[PDB]
């Protein structure tokens, strides 16, 4: 770690989506190093330089914020539910690193609630991203409602503290989404879905009893949450699942999981890396914080 991460400090460039793909590694790189206190194995002169790229990224991304406080690849393109949820996800972590306008964040939050949440708590994507590689394991069509509702719900919960005061509707929305995940969770078949909705429910303290049993009995060899397919998806799934375990405070299950992720030698970066990169460092940072 740290010496490897040199490639994660990238200059954000491109449109509504491409600026985020490039912003992501720099933000989670600074976030991971900060918690892991690994600026000794890295230096101090780059911290100020890396914060400039995060400021650069935030500013550049603001050109893609629409009047509806939503985000899309271009100002004339229909807004992506996913990308808005992701912009919230990233910006929620970045509020502690750089200066994020709370209204920019809570405006996007409110938009997801008042426009893209369905009556049964489902979050729907009406303008899919152009760069499907950045969405990660969500690419799989099977159980999309469950996976997306969990993804968006996670973003609302990450933002909850900063936006609780500004968005009165926020807890009502979190519950409605939670109710959907809690209802259709036992019928889940994909390890990715059990993992992601596991973390979303754990955050609400709703991953209990049979649901909690399912989440834990889905893990292969009590260390990983995996499905046959891309390994990136399996790294991303076990990262959400680790984050869920840390929420449950199940420190008796957590060590084999952590070893498995460190064994994967995944240091982020690359095409389609966006979720795995953000998730594995968010999870491993949170693990050392606890």
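Positions refer to the first chain, counted from 1. Basically, rigid core = biggest C-alpha set you can superpose within 1.5 Å across the two forms.
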property: Between 250-258 and 40-48, larger RMS Cα displacement in 7 other deposited structures of this protein after core fit; result: 40-48
property: Per the entry, higher mean C-alpha B factor between 5-13 and 269-277; result: 5-13
property: Residue range whose averaged C-alpha B-factor is higher in the record, 37-45 or 244-252; result: 37-45
property: Identity of residue with top Cα B-factor, from 118, 110, 77, 208; result: 77
property: Options 99, 219, 135, 127 - largest CA temperature factor per the record; result: 99
property: Assigned third (lowest, middle, highest) for the C-alpha B factor of residue 90; result: lowest
property: Ranked C-alpha temperature factor of residue 260 among modelled chain residues, by third; result: highest
property: Third of the chain's Cα B-factor distribution that residue 158 belongs to, per the entry; result: middle
property: Residue 191 - which third its CA temperature factor falls in, relative to the rest of the chain; result: lowest
property: Chain thirds of CA B-factor: placement of residue 232; result: middle
